[PDB]
2 protein chains.
Amino acid sequence: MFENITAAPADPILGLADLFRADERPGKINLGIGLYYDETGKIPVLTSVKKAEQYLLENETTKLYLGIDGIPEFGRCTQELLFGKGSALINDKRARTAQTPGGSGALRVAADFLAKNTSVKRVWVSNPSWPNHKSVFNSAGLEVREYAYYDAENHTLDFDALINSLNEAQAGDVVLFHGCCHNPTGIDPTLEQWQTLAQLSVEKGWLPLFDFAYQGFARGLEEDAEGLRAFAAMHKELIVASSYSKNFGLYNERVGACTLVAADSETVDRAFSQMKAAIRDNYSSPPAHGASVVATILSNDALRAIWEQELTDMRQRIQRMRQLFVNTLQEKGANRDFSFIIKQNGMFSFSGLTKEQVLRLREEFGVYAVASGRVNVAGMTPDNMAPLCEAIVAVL
Amino acid sequence: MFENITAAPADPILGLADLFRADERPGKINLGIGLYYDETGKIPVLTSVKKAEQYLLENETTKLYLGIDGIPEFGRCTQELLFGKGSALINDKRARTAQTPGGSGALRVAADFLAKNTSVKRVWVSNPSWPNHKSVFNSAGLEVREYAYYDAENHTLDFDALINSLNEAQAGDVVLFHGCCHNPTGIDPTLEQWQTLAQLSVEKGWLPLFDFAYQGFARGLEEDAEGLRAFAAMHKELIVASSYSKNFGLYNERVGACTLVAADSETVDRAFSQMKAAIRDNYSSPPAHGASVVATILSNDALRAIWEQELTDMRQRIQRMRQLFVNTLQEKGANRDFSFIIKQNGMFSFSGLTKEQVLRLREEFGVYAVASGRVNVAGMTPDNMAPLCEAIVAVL
């Protein structure tokens, strides 16, 4: 039965990580995968996370299955983060949240729900986008189309091209938005641009799908949700796939949520029963540990305070590295203006390095970035910055 | 987009649990869902599990993502449990294991792999079977057909009907077997019956899919794997979806494995790359906590000793309740022979109660079982046995 199966196409980005670990050069620098490093180049467990895990160790008395949609307090805390406490969406009970194995898990659940229960045939993703979006939607049986996004000359959101290319989207297509910290560009719509999109989206009959993996990494928890909330103020229906991998440093515990919004309580409860059915035929119910950690933190004043500060620390370290990167580039003799890097949001920006320049960086300098020239700024440190920038200057 | 979605059909078994928690009667007895209760009617965390969780708390320094297939030591330990240490399958590197979110997760991954990469159009399941089998396979786009299994008059495996009905299976169909502790009958093939099946399966060109959720609950870890190992000695190719939910009391942590076996190393590595692709487009990588607990236990002599004894304790408590159940039934005036219960394996047997008798038990006596009359023996205790049996006698 398996004799004739052809190998899956190598994933160049996971193939990168694989190449990194095999590299015996001591000064090797990892700017590939989207992970937060501290100033010592390590990927720590958050202190608030350790404290919550101690609490669970000392207090959990069972591992009895969660409901299909996971821990209720997790759902409640997630909707407050998303929509704001006292939001009319919450008061009107228009939203239902399933705890999922990561944001990736949430994307798959949404895709499966849409494919099996609606007329949706296609999803619009930005060009460029995180490559996994196409993969997940295609695997669910959905076509993926691309909309213009990035003005690479001005390092800006090409809002005209975006709007113009989205005009080819039909009523009933899904349009995917990144809530903040667009991967890979670091370029997000302004509040005004988000409000214009929310208006266009309603007129045109698009179903908004928000991918919200970096809440707290652009400006702050509430500020980062402004775009979503502008849509939520305008739309009867919306889906949000959110993740706590990055803002809790909980990557491997697979902690995310798929949130469904409909016009009213009866509708959302009805539609959510089909989302629960999709989950049931997948992994049945989600993993408790990472999500209990999140719920324990978000629902305790003292832990939440510590965690919010840890998140602030992470965001500010990245902002410092953005500035340090452009400064060291200038000092190291780089020809180019890299100032656009300072304005961009989250872990990533496009460096503007070619695929060949990145290959050179890896082979000659042990500096690992992805083929698009996207770099993980959260992988830069005061200790690695000088060798990093000397390497970039050498390849320009 | 969601206005016209119809509600998912209520799941009577999850609807049962929901009904149970709303029941304010004090002496209520839960014999529904497959969970291990101790003699005080609680569903405890295993001591070996708590010790492993303490160790992880004190020693983990990162939550960096696992590989798509999870923790390598988890895979190694899983294959040894499945095939036996020193197995030729392991020595020849014919097997690859992906850590998955539970046995349910493993079933979905297998189904997705099969549907997307092979000519498989149908899966044979026993009649009766765990209802989720049909659901999972159908959701992946696979037809499900049923084979005869149960001789309800003699409370036995109807081996003739099974073999006769499986004759309608074509070369290239999947046949699903429960490794031990058949859900719901508690009736497993003997070693001889398993060997005959392994032979038939080869001749007929079936792809065996083992669902192995209760290793250790029939006779013991090695004894329970005898059927699988008889197949593995005969087949070039096989898939195993296994779970640690029940034998580690780790239900909500979603800890399982999908193991792929092929004729040789090159083949299995090739086919497994497509299984990894299916996982990538689902939940991306599996949750670390529950699987690290399992790997930490299985790979430490002291913890493994404690855990194996805890598992032995669970198996023996169930065997005691089987005997106590039939004894108390006789003492309480039951007309019927219930002796077949003593011989059956795992958490469940068919009580022979009608759907109406079970409805009566619930409404009049607060005793919760499923419509098929299947009861969770692991939900019986010395304290609840008398009221339970008085209730059954009343409804006969």
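Just so we're on the same page: letters track the sequence lines, and every chain starts at 1.
Under the salt bridge (charged side-chain N to carboxylate O under 4.0 Å, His left out) criterion, A:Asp211 pairs with no residue, sequence neighbours left out.
Counting heavy atoms from C-beta on, the side chains of B:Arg280 and A:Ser135 come closer than 4.5 Å. You'll find the side chain of A:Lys42 stays beyond 4.5 Å of the side chain of B:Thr61, heavy atoms only. Taking the side chain as every heavy atom from C-beta outward, A:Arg254 and B:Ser284 approach each other to under 4.5 Å.
Interface remark: of the candidates B:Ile68, B:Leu66, B:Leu207, B:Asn132, B:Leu207 forms the most heavy-atom pairs closer than 4.5 Å to chain A. If you tally non-hydrogen atom pairs under 4.5 Å between each of B:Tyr36, B:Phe137, B:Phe272, B:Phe113 and chain A, the highest count goes to B:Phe113. Residue with the most contacts toward chain A among B:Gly67, B:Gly256, B:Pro287, B:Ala171: B:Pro287 (heavy-atom pairs, distance under 4.5 Å). Options B:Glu237, B:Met275, B:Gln274, B:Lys276 differ in how many heavy-atom pairs under 4.5 Å they form with chain A, and the most are formed by B:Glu237. Between chain B and the residues A:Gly103, A:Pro101, A:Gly290, the largest count of heavy-atom pairs under 4.5 Å involves A:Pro101. The residue among B:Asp11, B:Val136, B:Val49, B:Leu114 with the most heavy atom pairs within less than 4.5 Å of chain A is B:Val136. Heavy-atom pairs under 4.5 Å with chain B peak, among A:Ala288, A:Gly105, A:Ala271, at A:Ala288.
Note: B:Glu253 CD to A:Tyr65 OH = 12.0 Å, rounded to the nearest 0.5 Å. Atom CG of B:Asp112 is separated from atom OG of A:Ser139 by 7.5 Å, given to the nearest 0.5 angstrom. In this structure, CG in A:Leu57 is found 11.5 Å from NZ in B:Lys51, a value given to the nearest 0.5 Å. To the nearest 0.5 angstrom, A:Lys134 atom NZ is 10.5 Å from B:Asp281 atom CG.
For residues 240-249 of chain A, a heavy-atom distance under 4.5 Å to chain B picks out A:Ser245, A:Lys246, A:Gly249, given by residue number. When the heavy atoms of residues 116-123 of chain A are compared with those of chain B, the residues falling under 4.5 Å are A:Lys116, A:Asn117, A:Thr118, A:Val120, listed by number.
Both the backbone and the side chain of A:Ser285 have a heavy atom closer than 4.5 Å to some heavy atom of chain B. Neither the backbone nor the side chain of A:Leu46 has a heavy atom closer than 4.5 Å to any heavy atom of chain B. A:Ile239 touches chain B through its side chain: at least one heavy atom from C-beta onward sits under 4.5 Å away, while N, CA, C and O do not. Contact of A:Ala277 with chain B is made through the side chain alone, with heavy-atom distances under 4.5 Å. Contact annotation for A:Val261: only backbone heavy atoms (N, CA, C, O) come within less than 4.5 Å of a heavy atom of chain B. Interface residue A:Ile33: only side-chain heavy atoms are found under 4.5 Å from chain B. With a threshold of 4.5 angstrom between heavy atoms, B:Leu250 approaches chain A through its backbone and through its side chain. Residue contact with chain B, scored on non-hydrogen atoms closer than 4.5 Å, involves the backbone and the side chain of A:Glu60 alike. With a 4.5 angstrom heavy-atom cutoff, A:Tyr37 does not touch chain B via any of its atoms. With a 4.5 Å cut-off on non-hydrogen atoms, B:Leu107 does not touch chain A at all.
Around the CZ atom of B:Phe20, the shell of radius 6.0 Å holds more than 12 heavy atoms that belong to other residues, nucleotides or ligands. Applying the 6.0 Å contact sphere to NZ of B:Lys50 captures more than 12 heavy atoms from other residues, nucleotides or ligands.
Under the 4.0 Å criterion applied to side-chain N and carboxylate O atoms, B:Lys63 and A:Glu53 are assigned as salt-bridge partners.
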For residues 2-9 of chain A, please give each side-chain donor-acceptor pair under 3.5 Å, one per line with the distance, not counting sequence neighbours.
unit_1	atom_1	unit_2	atom_2	d
A:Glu3	OE1	A:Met1	N	2.6

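Side chain of A:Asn252 to main chain of B:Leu64: a donor-acceptor pair is present (N/O by atom type, distance under 3.5 Å, no hydrogens or angles). Side-chain atoms of B:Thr62 come within 3.5 Å of backbone atoms of A:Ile43 as a donor-acceptor pair (strictly under, hydrogens ignored).
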